[PDB]
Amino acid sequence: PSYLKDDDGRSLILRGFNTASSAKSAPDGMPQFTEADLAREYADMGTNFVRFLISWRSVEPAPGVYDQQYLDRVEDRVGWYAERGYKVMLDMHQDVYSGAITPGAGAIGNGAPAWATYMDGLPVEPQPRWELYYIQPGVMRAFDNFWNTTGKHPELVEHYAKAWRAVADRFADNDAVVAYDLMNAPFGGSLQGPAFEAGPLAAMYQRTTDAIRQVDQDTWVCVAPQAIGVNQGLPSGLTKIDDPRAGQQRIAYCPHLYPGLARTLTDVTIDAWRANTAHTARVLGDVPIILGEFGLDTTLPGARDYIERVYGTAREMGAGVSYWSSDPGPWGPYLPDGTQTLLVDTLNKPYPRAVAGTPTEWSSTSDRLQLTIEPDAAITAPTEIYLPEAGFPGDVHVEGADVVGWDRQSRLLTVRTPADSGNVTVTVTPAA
């Protein structure tokens, strides 16, 4: 398994949230999420990652005209993350194309600006569940116009690529920004399956990557498969994307996961998903994997077991994870009054954040972490590990490594391992 790396070459294990679905409808493009809310998230779970929702309608409110005041706002929020040691993936988010699909901000449909939305007078009648808007004639049309399946709008993917370039231009020298997730939940309209993914989807990813690389050579470009089918464990037809940057490719794979009998189904679905994800990660060039979206109603029986099974699969796969989502509700870490859900204790586990070498295997319980590293002598920065206070209330006991520092406030343990002695196993336990 492959990993994104920080500037010191350490391999990243990414744990965080999607922040946030409230941005979809916000006039100013921002989530209802404050610097205090991040401090709570950090205090409670020690997260080191966010998938941060941005929008094309906010980037490019008119054709060819980028809103630098919106990018200022995004940059302000990234600043919060940066100050608490987070890595940031920016997600160009849409669902159901645009808020402009009924009488581009919106709570349901969201993403593209009005000027880029061409339903051509075709209906979008109300539906019992929101996902059904996808197949309504005007939405199918909005998408066919975007991918130029109609031949009527070749300019749209060109505007899209250059709106992404405007964003990368602002963030190219931001040390907190590590990834650009190019399109949330790609939907092909009248095109589905590999003819979509190998077709206009890949062709957009290529143009967009290329445009981003005019102004940002180092940020990882993350690509997703088509959402329908692949979310549920079907194989993707996505083809390799070329990274024009000098040296090694920086493309990662950013799939979603949305699966007595109901349990067995869910179990084989995760197995199917892992095998399919691992395949496409190989096709794209043995790329790092980020599980960009997964979540559920935490109040449903069997929820924690499912969450834990997903996170263990992510761990085994070397994947990053951004949970859907930080918004208040029974899916998130906190109910609206601020009360913790079962997710908080479930997620609040020790984990290596930045490893001085390749993590080959690791495990953690609430009062033990074990990690095996494949050495790298060119790395001088220490291995950095998060330890929760419940399980590690004082000092640490470390075997297989020397303690460089133990910050009991930030909860970051830094250790140094031998690089000239093969694979190293570090074990961390609370001091007697």
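Residue positions are given as counts along the sequence shown, with the first one as 1.
J.: I'd like the number of residues from the deposited sequence that lie between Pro103 and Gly104 yet are not in the model, binned as none, 1 to 3, 4 to 9, or 10 or more.
T.: Going from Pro103 to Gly104, the model skips 4 to 9 residues of the deposited sequence.
J.: Is there a break between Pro259 and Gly260, and how many deposited residues does it span: none, 1 to 3, 4 to 9, or 10 or more?
T.: Unmodelled stretch: 10 or more residues.
J.: Averaging only over Cα atoms, indicate whether 348-356 or 117-125 has the higher B-factor in the PDB entry.
T.: Taking the mean B-factor of the alpha carbons in each, 117-125 is higher.
J.: Taking only the CA atoms, which stretch has the higher mean B-factor in the record, 317-325 or 193-201?
T.: Higher mean C-alpha B-factor: 193-201.
J.: In the PDB entry, which of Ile270, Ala185, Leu182, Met140 has its C-alpha at the highest B-factor?
T.: Comparing C-alpha B-factors across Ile270, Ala185, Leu182, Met140, the top value belongs to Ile270.
J.: Highest Cα temperature factor in the entry, among the options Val230, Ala112, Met92, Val221: which one is it?
T.: It is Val230.
J.: Once the chain's modelled residues are ordered by C-alpha B factor and cut into thirds, is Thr417 in the lowest, middle or highest one?
T.: Within its chain, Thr417 is a highest-third residue by C-alpha B-factor, going by the deposited values.
J.: Taking the entry's C-alpha B-factors for this chain, is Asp44 in the lowest, middle or highest third?
T.: Middle third.
J.: Tell me, lowest, middle or highest third: where does the Cα B factor of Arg408 rank within its chain?
T.: Within its chain, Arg408 is a highest-third residue by C-alpha B-factor, going by the deposited values.
J.: Using the B-factors in the PDB entry, rank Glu60's C-alpha atom against the chain and give the third, lowest, middle or highest.
T.: Middle third of the chain for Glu60's C-alpha B-factor.
J.: Based on the deposited C-alpha B factors for this chain, I'd like to know if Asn174 is in the lowest, middle or highest third.
T.: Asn174: CA B-factor falls in the highest third of its chain.
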